[PDB]
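Structure, as structure tokens:
Both ligands and their constituent atoms are indexed starting at 1 by order of listing. Chain identifiers are assigned alphabetically (A, B, ...) following the order of the sequence lines, protein sequences preceding nucleic acid strands; residue numbering begins at 1 within each chain.
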Number of protein chains: 2
Amino acid sequence: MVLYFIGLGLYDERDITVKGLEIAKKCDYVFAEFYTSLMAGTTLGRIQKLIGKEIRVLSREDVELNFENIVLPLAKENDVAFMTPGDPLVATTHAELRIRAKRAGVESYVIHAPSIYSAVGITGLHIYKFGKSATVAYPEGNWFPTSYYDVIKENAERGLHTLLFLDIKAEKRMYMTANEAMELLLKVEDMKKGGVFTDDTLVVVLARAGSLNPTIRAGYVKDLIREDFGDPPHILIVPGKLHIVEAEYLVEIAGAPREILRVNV
Amino acid sequence: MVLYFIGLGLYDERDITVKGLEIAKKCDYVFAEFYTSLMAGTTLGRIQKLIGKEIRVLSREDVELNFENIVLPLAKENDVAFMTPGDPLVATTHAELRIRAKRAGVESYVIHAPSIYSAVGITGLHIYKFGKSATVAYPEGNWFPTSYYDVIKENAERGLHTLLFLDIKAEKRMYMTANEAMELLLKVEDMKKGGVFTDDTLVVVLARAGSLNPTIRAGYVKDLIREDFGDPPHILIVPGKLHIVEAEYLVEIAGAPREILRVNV
Ligand SMILES: Nc1ncnc2c1ncn2[C@@H]1O[C@H](CSCC[C@H](N)C(=O)O)[C@@H](O)[C@H]1O
Ligand code: NA
């Protein structure tokens, strides 16, 4: 008689929580979307096999325009689950769907799963030091998004780290790489000339968090701009002022140049 | 030869991921710490039964001072797990433990799990809007720390939300309640007179995130300062200016007063 929002986790089907799996196994109907993020280590089948149910995958349009016509009607007389990559309410507009559920007289519950937002901890950067986050969006036609550049500036001015979600166009099989993000940022810097993002800027790249062997790299843009970080998904991070131990981790674990060990306090 | 950092999740024993559970079950030795946080919805016994291994509990000193003498030696010739509440490497000093592992010639891998950092998305507040985070600490003796107040000030001023962790004495099993945090903040405001935290400030309280029935409440301090939010753990958030969609969620899901739709947007 309820609707469950269940996160699938970072990388593969095993990133779901035990709680999420046991509840998903007993739901009458299971829906999911795979446009808000990319789970590079699994397939729909592997997820269906684990949960033991057929899964109706919905498009962005099905959800944003027809969630109350496709999913909610069933939750009024059945236990329904809506599954998503990572945590269902992180960097998505899915929270608003709980409002739609309420208006349709449907109770909803949320089962969390590991999210890229907290996975940044594996970069060695203190998570409490992250400031406002942003998304590097693909330019479209004459429209060239740039607000994410200002976020970095605002955070850097405060000595805070900046988490940059990268764009995704699932229907086009498009997943922005950290390289493409760095190129776009260099272009905005050329236009705004704020000294925010240059070839000498230290950045951190995290690719395929959740996998056992994610790619964790730190260094200057000039050096990483063309480095191969492996398959998507990727996130780009622009650190603010570093603590001694953050620099030590970036060097020992992320292969950063030993020169960043020397911090200018 | 391998050390696994495994997150336990948010609330109870089912908050660990399928990946984390299967890996823990294959480890020869399993260690855990509950000094950074406690799994309020479960017990050591229930966790132990689920994993089917005896769990070696470690104190803050065991970890910070002797991780390399207690955990790493065993990791040399066995598969060892180090489990922590939430997502591994979120606690500020844990990332450095991977450096110790490296120095000991021990391979380490991270198995993620839900963290309050991402779980707060259930409050309906957009994750990208959170700024620097902080912890509300109890004053004691001649020491009256107030940095967390400045963090709120710096975030709000930029239209950002502030995630506030509340003081905890794991050993004594003493939790600071949201009610106590609000009282402390009002006291700090009376001192700095910054107009940052008053009876008219809008706050959000999240209790028992991870549970199927968490407490999510939003409203003005004057109305919530004496409200019962249930058993801990409690998390306090001071939102910046709200996106109308954030406000609508708080009203419809968190029982916030209609007033926020015009006053805090
Ligand atoms: N495993 C992963 N590794 C690296 N980046 C990831 C990732 N999962 C998600 N992202 C990043 O986040 C973007 C999707 S944003 C949606 C995030 C999701 N709800 C969560 O909780 O993680 C991707 O385009 C990518 O930039
Ligand atoms: Na944050």
Considering heavy atoms of the protein only, find what lies nearest to atom 20 (C) of ligand 1 and give residue, atom and distance to 0.1 Å. A:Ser115 OG, 3.4 Å
Looking at ligand 1, does A:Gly210 have a heavy atom less than 4.0 Å from it? no
Test of understanding: with ring-ring contact (aromatic ring centres under 6.0 Å, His included), list the residues that count as partners of B:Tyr109, not counting sequence neighbours. B:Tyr4
A quick test of your reading: do over 12 heavy atoms of other residues, nucleotides or ligands sit less than 6.0 Å from OH of A:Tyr175? yes
Does the gap between the ring centers of A:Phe82 and A:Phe67 come in under 6.0 Å? yes
Does A:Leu164, backbone or side chain, put an N or O under 3.5 Å from an N or O of ligand 1? no
Return the residue, atom name and 0.1 Å-rounded distance of the protein heavy atom closest to atom 4 (C) of ligand 1. A:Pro233 O, 3.3 Å
I'd like to know if A:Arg60 and A:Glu171 make a salt bridge, using a cut-off of under 4.0 Å between side-chain N and carboxylate O. no
Which is it for A:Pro85 and ligand 1 at heavy atoms under 4.0 Å: side chain, backbone, both or neither? backbone
Under 4.0 Å between a side-chain nitrogen and a carboxylate oxygen: does that hold for B:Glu246 and B:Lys129? yes
At what distance is the nearest protein heavy atom to atom 3 (N) of ligand 1, and which residue and atom is it? A:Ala209 N, 3.1 Å
Ring centroid separation B:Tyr148 to B:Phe165 under 6.0 Å: no
For atom 23 (C) of ligand 1, the closest protein heavy atom turns out to be A:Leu166 O, 3.8 Å
Test applied, side-chain contact (heavy atoms from CB on, under 4.5 Å); reference residue, A:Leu164; option that passes from A:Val151, A:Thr135, A:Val204, A:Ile152: A:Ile152
For A:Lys153, I'd like to know if atom NZ has over 12 heavy atoms of other residues, nucleotides or ligands within 6.0 Å. no
N, O or S from A:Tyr117 under 3.0 Å to the Na ion (ligand 2): yes
Would you say A:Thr36 has any N or O atom under 3.5 Å from an N or O of ligand 1, going by distance alone? no
Does either side chain, that of A:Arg208 or that of A:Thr215, offer a donor lying less than 3.5 Å from an acceptor on the other one? yes
Would A:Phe165 count as a contact residue for ligand 1, given that I'm defining contact as a non-hydrogen atom of the residue lying under 4.0 Å from a ligand atom? yes
Which ligand 1 atoms, with their elements, are less than 4.0 angstrom from a heavy-atom of A:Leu206? 4 (C)
Distance filter under 4.0 Å to A:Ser37 heavy atoms, resulting ligand 1 atoms: 8 (N), 9 (C), 14 (C)
Is there any N or O on A:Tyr11 that sits under 3.5 Å from an N or O of ligand 1? no
Backbone of A:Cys27 reached by a side-chain donor or acceptor of A:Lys53 within 3.5 Å: yes
Provide the number and element of each atom of ligand 1 under 4.0 Å from a heavy atom of A:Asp87. 19 (N), 20 (C), 21 (O)
Identity and separation of the nearest protein heavy atom to atom 22 (O) of ligand 1: A:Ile116 N, 3.0 Å
Below 3.5 Å, N or O to N or O, backbone or side chain included: is there any such pair between A:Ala207 and ligand 1? no
For the CD1 atom of B:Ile16 and the CG atom of B:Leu8, what is their distance to the nearest 0.5 Å? 5.5 Å
Contact atoms of ligand 1, heavy-atom distance to A:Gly86 under 4.0 Å: 20 (C), 21 (O)
Out of A:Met176, B:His112, A:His234, who gets a non-hydrogen atom closest to atom 25 (C) of ligand 1? A:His234
Would you mind checking which non-hydrogen protein atom is closest to atom 11 (C) of ligand 1, with the distance to 0.1 Å? A:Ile235 CG2, 3.4 Å
Against A:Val196, only a single residue in A:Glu157, A:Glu189, A:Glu154 fulfils side-chain contact (heavy atoms from CB on, under 4.5 Å); can you say which? A:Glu189
Can you list the ligand 1 atoms lying under 4.0 Å from a non-hydrogen atom of A:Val90? 16 (C), 17 (C), 18 (C), 19 (N), 21 (O)
